[PDB]
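Notes for the one structure printed next.
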Amino acid sequence: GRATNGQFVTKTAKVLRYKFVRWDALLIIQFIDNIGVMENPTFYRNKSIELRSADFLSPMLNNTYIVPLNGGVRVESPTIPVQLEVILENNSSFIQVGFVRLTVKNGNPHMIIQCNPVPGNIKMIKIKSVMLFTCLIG
Amino acid sequence: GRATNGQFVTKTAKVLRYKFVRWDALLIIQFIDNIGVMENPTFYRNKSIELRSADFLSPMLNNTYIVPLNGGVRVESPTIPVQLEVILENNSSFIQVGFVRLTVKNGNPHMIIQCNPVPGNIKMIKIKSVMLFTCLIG
Amino acid sequence: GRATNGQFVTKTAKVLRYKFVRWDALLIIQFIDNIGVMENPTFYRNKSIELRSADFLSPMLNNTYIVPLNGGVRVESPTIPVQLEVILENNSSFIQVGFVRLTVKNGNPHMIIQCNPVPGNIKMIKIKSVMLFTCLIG
Ligand SMILES: CC(=O)N[C@H]1[C@H]([C@H](O)[C@H](O)CO)O[C@@](O)(C(=O)O)C[C@@H]1O
Ligand SMILES: CC(=O)N[C@H]1[C@H]([C@H](O)[C@H](O)CO)O[C@@](O)(C(=O)O)C[C@@H]1O
Ligand SMILES: CC(=O)N[C@H]1[C@H]([C@H](O)[C@H](O)CO)O[C@@](O)(C(=O)O)C[C@@H]1O
């Protein structure tokens, strides 16, 4: 069909907006807050989905950051790689290939974000990529 | 339609299970053995598809590991990046961004896994990502 | 439906061929010039989509290479990661995980290619991955 709007909301009430398409056993879902743009004819700007410490579960093990969500859809997605920028508490930052999934636990959707080791605690993760998940239902 | 079960089998008789959907010129296929889970409310476990030396062709050139398969479907897929853990014979291991495709040769499906150089011979590759391929047929 | 042929053309008249499928709000598009092959039973060859300096806009900021295109389709795609080889003017080269999108500016399609810093100016970028974009329209 045509693309339907939706959103998830984080623990700190951040709204993550998306559009989706739901066919037979298929759900395709794109996050739409950070679609990058050419702002003039020579410059491309990435936009970030910004996720702070307070959006993650504690304790964090093995560079796995879990973002409990409310609302939206309940899918076991595949893993997608993304561009991350991981900001440490001392404001240093590392660009990384991150790996993201949507999973369901206790009937709730969670975003799983895995990245590499950093020399410090993380203040914030920015997803700089446009994320789209193709998912199989049932 | 609804999602149909299938599998490939490796040279050592490892079974790689998947579900798929086949529409007009479109085949979407997800490997389902290693769907990660939140096992309690704070911990996410990745699962691995584990591929050993004996599942690969010899000789291996340019960090390209070829896994001949039997059964399943015959597709020329796009390339997907994945999380790999590459275990060396001396049990050291390296986490890498791997790149995976399905290709067909002599009427047989093969999984192509490319990764980075490692200081040793590889005993095992673990794919820690949930893999889904969207493929164009004909 | 069945897969339709198309192409984009670069500033230097390089033709980038693709096949696509356009359903309701959905456009799936695969670039087809560099489908890798097993050429004998033990060897896999990657093929490259080769993009030179003259195919990019100037000035280049933040390791973002913008390839203005003509013809083809007009989509705001998600970001896909790919295998790049980035060739410097002194012929040294770096293998990287690149991130690619299609975007539209002034009614024209552009391919956005982002990679990592390199110690020199880039002569050429080779995309060694088979690229397929799943896109949401409207
Ligand atoms: C990836 C996956 O399978 N997730 C499932 C989890 C885990 O399987 C449990 O940890 C097993 O106890 O179980 C559910 O019943 C749940 O609690 O919501 C459904 C959910 O989809
Ligand atoms: C990616 C690709 O094109 N693979 C094709 C190969 C190679 O083209 C051959 O190496 C050309 O001789 O050829 C086939 O006939 C084959 O042997 O099964 C079909 C297969 O899909
Ligand atoms: C990602 C995105 O939104 N791109 C859009 C751009 C930018 O929004 C402009 O920079 C805003 O002025 O605007 C268009 O009208 C354009 O010039 O073709 C449509 C295009 O799809």
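The chains in the structure tokens are called A, B, ... from first to last as shown; in each chain the residues are counted from 1, and the ligands are counted from 1 in the order shown.
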
Checklist entry - If we count only C-alpha atoms, what is near residue 57 in chain C at a cut-off of 8 Å, once residues fewer than 6 positions away on the same chain are taken out, given as a ChimeraX atom specification? => result /A:42 /C:65-68

Chain fit, chain A moved to chain B over all Cα pairs in order, as a PDB file with C-alpha atoms, in the first residue's frame:
ATOM      1  CA  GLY A   1       2.420 -14.332   0.890  1.00  0.00           C
ATOM      2  CA  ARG A   2       3.304 -15.881   4.286  1.00  0.00           C
ATOM      3  CA  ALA A   3       6.852 -16.841   5.255  1.00  0.00           C
ATOM      4  CA  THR A   4       8.032 -20.274   4.083  1.00  0.00           C
ATOM      5  CA  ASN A   5      10.711 -22.369   5.816  1.00  0.00           C
ATOM      6  CA  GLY A   6      13.821 -23.678   4.070  1.00  0.00           C
ATOM      7  CA  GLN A   7      17.449 -24.525   4.680  1.00  0.00           C
ATOM      8  CA  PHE A   8      20.870 -24.874   3.193  1.00  0.00           C
ATOM      9  CA  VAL A   9      23.294 -27.528   4.278  1.00  0.00           C
ATOM     10  CA  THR A  10      27.082 -27.207   4.398  1.00  0.00           C
ATOM     11  CA  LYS A  11      29.879 -29.634   3.468  1.00  0.00           C
ATOM     12  CA  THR A  12      29.989 -30.791   7.085  1.00  0.00           C
ATOM     13  CA  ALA A  13      26.212 -31.245   7.148  1.00  0.00           C
ATOM     14  CA  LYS A  14      25.583 -28.083   9.196  1.00  0.00           C
ATOM     15  CA  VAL A  15      22.008 -26.976   8.525  1.00  0.00           C
ATOM     16  CA  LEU A  16      21.410 -23.241   7.971  1.00  0.00           C
ATOM     17  CA  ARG A  17      17.765 -22.553   8.367  1.00  0.00           C
ATOM     18  CA  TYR A  18      15.902 -19.640   6.847  1.00  0.00           C
ATOM     19  CA  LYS A  19      12.410 -18.271   6.127  1.00  0.00           C
ATOM     20  CA  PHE A  20      11.561 -16.574   2.821  1.00  0.00           C
ATOM     21  CA  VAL A  21       8.946 -14.734   0.795  1.00  0.00           C
ATOM     22  CA  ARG A  22       8.879 -15.003  -3.007  1.00  0.00           C
ATOM     23  CA  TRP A  23       6.732 -12.384  -4.841  1.00  0.00           C
ATOM     24  CA  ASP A  24       6.970 -11.524  -8.551  1.00  0.00           C
ATOM     25  CA  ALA A  25      10.674 -10.794  -9.292  1.00  0.00           C
ATOM     26  CA  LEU A  26      11.482 -10.496  -5.602  1.00  0.00           C
ATOM     27  CA  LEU A  27      12.888 -12.914  -3.066  1.00  0.00           C
ATOM     28  CA  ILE A  28      13.460 -11.864   0.511  1.00  0.00           C
ATOM     29  CA  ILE A  29      15.270 -14.395   2.660  1.00  0.00           C
ATOM     30  CA  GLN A  30      16.190 -14.312   6.334  1.00  0.00           C
ATOM     31  CA  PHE A  31      18.532 -16.704   8.148  1.00  0.00           C
ATOM     32  CA  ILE A  32      16.838 -17.700  11.405  1.00  0.00           C
ATOM     33  CA  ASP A  33      19.294 -19.841  13.461  1.00  0.00           C
ATOM     34  CA  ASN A  34      20.846 -16.848  15.276  1.00  0.00           C
ATOM     35  CA  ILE A  35      18.079 -14.422  16.152  1.00  0.00           C
ATOM     36  CA  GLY A  36      19.460 -12.622  19.241  1.00  0.00           C
ATOM     37  CA  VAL A  37      17.192 -12.295  22.319  1.00  0.00           C
ATOM     38  CA  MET A  38      16.843 -10.269  25.438  1.00  0.00           C
ATOM     39  CA  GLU A  39      17.064 -13.054  27.977  1.00  0.00           C
ATOM     40  CA  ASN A  40      16.134 -10.875  30.884  1.00  0.00           C
ATOM     41  CA  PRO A  41      15.150  -7.235  30.967  1.00  0.00           C
ATOM     42  CA  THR A  42      18.729  -5.818  30.774  1.00  0.00           C
ATOM     43  CA  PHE A  43      20.770  -8.314  28.754  1.00  0.00           C
ATOM     44  CA  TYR A  44      20.864  -8.940  25.025  1.00  0.00           C
ATOM     45  CA  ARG A  45      22.487 -12.075  23.722  1.00  0.00           C
ATOM     46  CA  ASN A  46      23.758 -12.393  20.174  1.00  0.00           C
ATOM     47  CA  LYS A  47      23.717 -15.786  18.701  1.00  0.00           C
ATOM     48  CA  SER A  48      26.212 -16.964  16.133  1.00  0.00           C
ATOM     49  CA  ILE A  49      25.988 -18.833  12.888  1.00  0.00           C
ATOM     50  CA  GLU A  50      29.225 -20.762  13.295  1.00  0.00           C
ATOM     51  CA  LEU A  51      31.176 -21.731  10.202  1.00  0.00           C
ATOM     52  CA  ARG A  52      34.361 -23.812  10.530  1.00  0.00           C
ATOM     53  CA  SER A  53      37.344 -24.298   8.197  1.00  0.00           C
ATOM     54  CA  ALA A  54      35.910 -27.543   6.865  1.00  0.00           C
ATOM     55  CA  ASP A  55      32.792 -25.643   5.561  1.00  0.00           C
ATOM     56  CA  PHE A  56      35.078 -23.466   3.297  1.00  0.00           C
ATOM     57  CA  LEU A  57      36.705 -24.111  -0.030  1.00  0.00           C
ATOM     58  CA  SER A  58      40.459 -24.423  -0.365  1.00  0.00           C
ATOM     59  CA  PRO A  59      42.472 -22.422  -1.439  1.00  0.00           C
ATOM     60  CA  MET A  60      41.307 -19.223   0.254  1.00  0.00           C
ATOM     61  CA  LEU A  61      42.460 -16.037  -1.547  1.00  0.00           C
ATOM     62  CA  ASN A  62      42.132 -12.361  -0.498  1.00  0.00           C
ATOM     63  CA  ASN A  63      40.229 -12.977   2.784  1.00  0.00           C
ATOM     64  CA  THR A  64      37.361 -14.501   0.812  1.00  0.00           C
ATOM     65  CA  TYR A  65      35.767 -17.567   2.410  1.00  0.00           C
ATOM     66  CA  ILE A  66      33.498 -19.575   0.159  1.00  0.00           C
ATOM     67  CA  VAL A  67      30.895 -21.848   1.694  1.00  0.00           C
ATOM     68  CA  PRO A  68      29.420 -24.314  -0.876  1.00  0.00           C
ATOM     69  CA  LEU A  69      25.828 -25.092   0.034  1.00  0.00           C
ATOM     70  CA  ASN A  70      23.245 -27.678  -0.982  1.00  0.00           C
ATOM     71  CA  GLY A  71      19.491 -27.330  -1.263  1.00  0.00           C
ATOM     72  CA  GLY A  72      17.716 -24.069  -0.525  1.00  0.00           C
ATOM     73  CA  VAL A  73      17.336 -21.347  -3.160  1.00  0.00           C
ATOM     74  CA  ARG A  74      19.503 -20.195  -6.079  1.00  0.00           C
ATOM     75  CA  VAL A  75      19.950 -16.422  -5.988  1.00  0.00           C
ATOM     76  CA  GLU A  76      22.450 -13.796  -6.910  1.00  0.00           C
ATOM     77  CA  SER A  77      21.924 -11.610  -3.801  1.00  0.00           C
ATOM     78  CA  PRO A  78      23.226  -8.177  -3.009  1.00  0.00           C
ATOM     79  CA  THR A  79      26.062  -7.823  -0.527  1.00  0.00           C
ATOM     80  CA  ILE A  80      25.166  -7.362   3.112  1.00  0.00           C
ATOM     81  CA  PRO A  81      27.523  -6.268   5.849  1.00  0.00           C
ATOM     82  CA  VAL A  82      27.493  -8.284   9.078  1.00  0.00           C
ATOM     83  CA  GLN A  83      29.227  -8.592  12.473  1.00  0.00           C
ATOM     84  CA  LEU A  84      31.806 -11.310  12.364  1.00  0.00           C
ATOM     85  CA  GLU A  85      34.009 -12.838  14.912  1.00  0.00           C
ATOM     86  CA  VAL A  86      36.949 -14.559  13.275  1.00  0.00           C
ATOM     87  CA  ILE A  87      38.604 -17.169  15.532  1.00  0.00           C
ATOM     88  CA  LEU A  88      42.252 -18.048  14.718  1.00  0.00           C
ATOM     89  CA  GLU A  89      43.834 -21.495  15.292  1.00  0.00           C
ATOM     90  CA  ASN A  90      45.662 -20.126  18.383  1.00  0.00           C
ATOM     91  CA  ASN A  91      42.194 -19.153  19.739  1.00  0.00           C
ATOM     92  CA  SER A  92      42.755 -15.372  19.390  1.00  0.00           C
ATOM     93  CA  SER A  93      39.772 -13.675  17.760  1.00  0.00           C
ATOM     94  CA  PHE A  94      38.958 -10.492  15.862  1.00  0.00           C
ATOM     95  CA  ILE A  95      35.676  -8.677  15.588  1.00  0.00           C
ATOM     96  CA  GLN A  96      35.135  -7.350  12.062  1.00  0.00           C
ATOM     97  CA  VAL A  97      32.618  -5.926   9.669  1.00  0.00           C
ATOM     98  CA  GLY A  98      32.161  -8.794   7.197  1.00  0.00           C
ATOM     99  CA  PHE A  99      30.455  -8.657   3.817  1.00  0.00           C
ATOM    100  CA  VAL A 100      28.219 -11.524   2.696  1.00  0.00           C
ATOM    101  CA  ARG A 101      26.534 -12.540  -0.557  1.00  0.00           C
ATOM    102  CA  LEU A 102      24.786 -15.528  -2.028  1.00  0.00           C
ATOM    103  CA  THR A 103      25.923 -16.447  -5.520  1.00  0.00           C
ATOM    104  CA  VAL A 104      25.349 -19.455  -7.824  1.00  0.00           C
ATOM    105  CA  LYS A 105      28.105 -21.536  -9.483  1.00  0.00           C
ATOM    106  CA  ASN A 106      27.687 -24.748 -11.523  1.00  0.00           C
ATOM    107  CA  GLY A 107      24.037 -24.642 -10.455  1.00  0.00           C
ATOM    108  CA  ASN A 108      25.033 -24.645  -6.785  1.00  0.00           C
ATOM    109  CA  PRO A 109      24.465 -21.939  -4.179  1.00  0.00           C
ATOM    110  CA  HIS A 110      27.491 -20.565  -2.371  1.00  0.00           C
ATOM    111  CA  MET A 111      27.803 -18.069   0.489  1.00  0.00           C
ATOM    112  CA  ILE A 112      30.634 -15.598  -0.047  1.00  0.00           C
ATOM    113  CA  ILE A 113      32.090 -14.154   3.145  1.00  0.00           C
ATOM    114  CA  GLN A 114      34.714 -11.441   2.931  1.00  0.00           C
ATOM    115  CA  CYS A 115      36.569  -9.982   5.826  1.00  0.00           C
ATOM    116  CA  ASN A 116      39.852  -8.274   6.767  1.00  0.00           C
ATOM    117  CA  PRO A 117      43.394  -9.676   7.111  1.00  0.00           C
ATOM    118  CA  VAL A 118      44.177 -11.611  10.294  1.00  0.00           C
ATOM    119  CA  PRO A 119      47.605 -12.612  11.729  1.00  0.00           C
ATOM    120  CA  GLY A 120      47.029 -16.337  11.492  1.00  0.00           C
ATOM    121  CA  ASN A 121      44.901 -19.022   9.865  1.00  0.00           C
ATOM    122  CA  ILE A 122      41.161 -19.017  10.640  1.00  0.00           C
ATOM    123  CA  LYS A 123      39.584 -21.904  12.578  1.00  0.00           C
ATOM    124  CA  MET A 124      36.087 -20.459  12.580  1.00  0.00           C
ATOM    125  CA  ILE A 125      33.960 -17.523  11.550  1.00  0.00           C
ATOM    126  CA  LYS A 126      30.918 -16.594  13.642  1.00  0.00           C
ATOM    127  CA  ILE A 127      28.233 -14.438  12.030  1.00  0.00           C
ATOM    128  CA  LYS A 128      26.695 -12.575  14.980  1.00  0.00           C
ATOM    129  CA  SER A 129      24.253 -10.512  12.899  1.00  0.00           C
ATOM    130  CA  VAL A 130      20.720 -11.410  11.810  1.00  0.00           C
ATOM    131  CA  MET A 131      21.041 -11.683   8.023  1.00  0.00           C
ATOM    132  CA  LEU A 132      18.275 -10.824   5.600  1.00  0.00           C
ATOM    133  CA  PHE A 133      18.766 -10.532   1.856  1.00  0.00           C
ATOM    134  CA  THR A 134      16.418  -8.733  -0.479  1.00  0.00           C
ATOM    135  CA  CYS A 135      17.039 -10.247  -3.965  1.00  0.00           C
ATOM    136  CA  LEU A 136      15.922  -9.468  -7.535  1.00  0.00           C
ATOM    137  CA  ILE A 137      15.056 -12.483  -9.669  1.00  0.00           C
ATOM    138  CA  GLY A 138      15.442 -12.193 -13.489  1.00  0.00           C
TER     139      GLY A 138
END

Item to check | Per-residue DSSP, chain A, filtered to strand (DSSP E or B), as a PyMOL selection string | outcome: chain A and resi 4-10+15-22+26-31+37-38+44-45+49-52+64-71+80-88+93-105+108-114+122-127+132-136

Could you please take those selected residues and save C-alpha atoms as an mmCIF file, in the first residue's frame?
data_model
loop_
_atom_site.group_PDB
_atom_site.id
_atom_site.type_symbol
_atom_site.label_atom_id
_atom_site.label_comp_id
_atom_site.auth_asym_id
_atom_site.auth_seq_id
_atom_site.Cartn_x
_atom_site.Cartn_y
_atom_site.Cartn_z
ATOM 1 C CA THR A 4 1.890 5.014 6.949
ATOM 2 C CA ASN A 5 3.292 7.257 9.700
ATOM 3 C CA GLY A 6 4.183 6.019 13.180
ATOM 4 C CA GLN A 7 6.583 6.614 16.032
ATOM 5 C CA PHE A 8 8.346 5.143 18.993
ATOM 6 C CA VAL A 9 9.005 7.087 22.136
ATOM 7 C CA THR A 10 12.010 6.704 24.435
ATOM 8 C CA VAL A 15 9.938 10.721 19.702
ATOM 9 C CA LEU A 16 11.431 8.592 16.901
ATOM 10 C CA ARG A 17 9.298 8.962 13.864
ATOM 11 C CA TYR A 18 9.039 6.463 11.043
ATOM 12 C CA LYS A 19 6.997 5.522 7.956
ATOM 13 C CA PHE A 20 6.130 1.898 7.150
ATOM 14 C CA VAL A 21 4.521 -0.494 4.698
ATOM 15 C CA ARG A 22 2.921 -3.739 5.903
ATOM 16 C CA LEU A 26 6.455 -8.319 5.302
ATOM 17 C CA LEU A 27 7.035 -5.101 7.192
ATOM 18 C CA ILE A 28 9.369 -2.457 5.857
ATOM 19 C CA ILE A 29 10.037 0.432 8.204
ATOM 20 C CA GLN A 30 12.110 3.568 7.738
ATOM 21 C CA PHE A 31 13.126 6.048 10.442
ATOM 22 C CA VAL A 37 19.870 16.739 2.552
ATOM 23 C CA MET A 38 21.919 18.620 0.058
ATOM 24 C CA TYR A 44 25.477 17.285 1.974
ATOM 25 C CA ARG A 45 24.395 17.404 5.576
ATOM 26 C CA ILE A 49 19.117 10.539 15.592
ATOM 27 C CA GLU A 50 20.537 11.480 18.978
ATOM 28 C CA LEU A 51 20.277 8.999 21.822
ATOM 29 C CA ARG A 52 21.544 9.943 25.299
ATOM 30 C CA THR A 64 25.499 -3.166 23.678
ATOM 31 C CA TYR A 65 23.164 -0.215 24.253
ATOM 32 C CA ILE A 66 19.524 -1.095 24.728
ATOM 33 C CA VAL A 67 16.879 1.532 24.098
ATOM 34 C CA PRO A 68 13.443 0.504 25.511
ATOM 35 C CA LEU A 69 10.697 1.990 23.368
ATOM 36 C CA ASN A 70 6.951 2.496 23.681
ATOM 37 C CA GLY A 71 4.293 2.429 20.993
ATOM 38 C CA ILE A 80 21.484 -3.253 9.936
ATOM 39 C CA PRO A 81 24.844 -1.536 10.009
ATOM 40 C CA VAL A 82 24.855 2.244 10.462
ATOM 41 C CA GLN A 83 27.198 5.237 10.889
ATOM 42 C CA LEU A 84 27.495 6.137 14.516
ATOM 43 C CA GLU A 85 29.172 8.889 16.330
ATOM 44 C CA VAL A 86 29.743 7.950 19.947
ATOM 45 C CA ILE A 87 30.292 10.984 22.213
ATOM 46 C CA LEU A 88 32.165 10.329 25.501
ATOM 47 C CA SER A 93 33.966 11.271 19.987
ATOM 48 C CA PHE A 94 34.493 8.219 17.794
ATOM 49 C CA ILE A 95 33.023 7.452 14.419
ATOM 50 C CA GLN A 96 32.090 3.773 14.135
ATOM 51 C CA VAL A 97 30.180 1.234 12.136
ATOM 52 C CA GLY A 98 27.297 0.383 14.483
ATOM 53 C CA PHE A 99 24.882 -2.522 14.187
ATOM 54 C CA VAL A 100 21.190 -2.013 14.955
ATOM 55 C CA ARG A 101 18.178 -4.285 15.427
ATOM 56 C CA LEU A 102 14.646 -4.077 16.705
ATOM 57 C CA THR A 103 13.672 -6.861 19.077
ATOM 58 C CA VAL A 104 10.684 -7.489 21.393
ATOM 59 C CA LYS A 105 10.906 -8.268 25.138
ATOM 60 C CA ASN A 108 7.865 -4.188 24.438
ATOM 61 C CA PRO A 109 9.954 -3.051 21.475
ATOM 62 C CA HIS A 110 13.623 -2.346 22.067
ATOM 63 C CA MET A 111 16.331 -0.968 19.769
ATOM 64 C CA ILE A 112 19.623 -2.820 20.137
ATOM 65 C CA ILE A 113 22.690 -0.775 19.236
ATOM 66 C CA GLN A 114 26.087 -2.432 19.208
ATOM 67 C CA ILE A 122 29.313 7.251 26.571
ATOM 68 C CA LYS A 123 27.217 10.421 26.939
ATOM 69 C CA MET A 124 25.480 10.086 23.595
ATOM 70 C CA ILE A 125 25.222 8.034 20.443
ATOM 71 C CA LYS A 126 24.290 9.745 17.172
ATOM 72 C CA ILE A 127 22.962 7.583 14.340
ATOM 73 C CA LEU A 132 15.364 1.147 6.963
ATOM 74 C CA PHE A 133 14.517 -2.349 8.144
ATOM 75 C CA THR A 134 12.966 -5.022 5.986
ATOM 76 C CA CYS A 135 11.274 -7.484 8.417
ATOM 77 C CA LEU A 136 9.589 -10.902 8.133
#
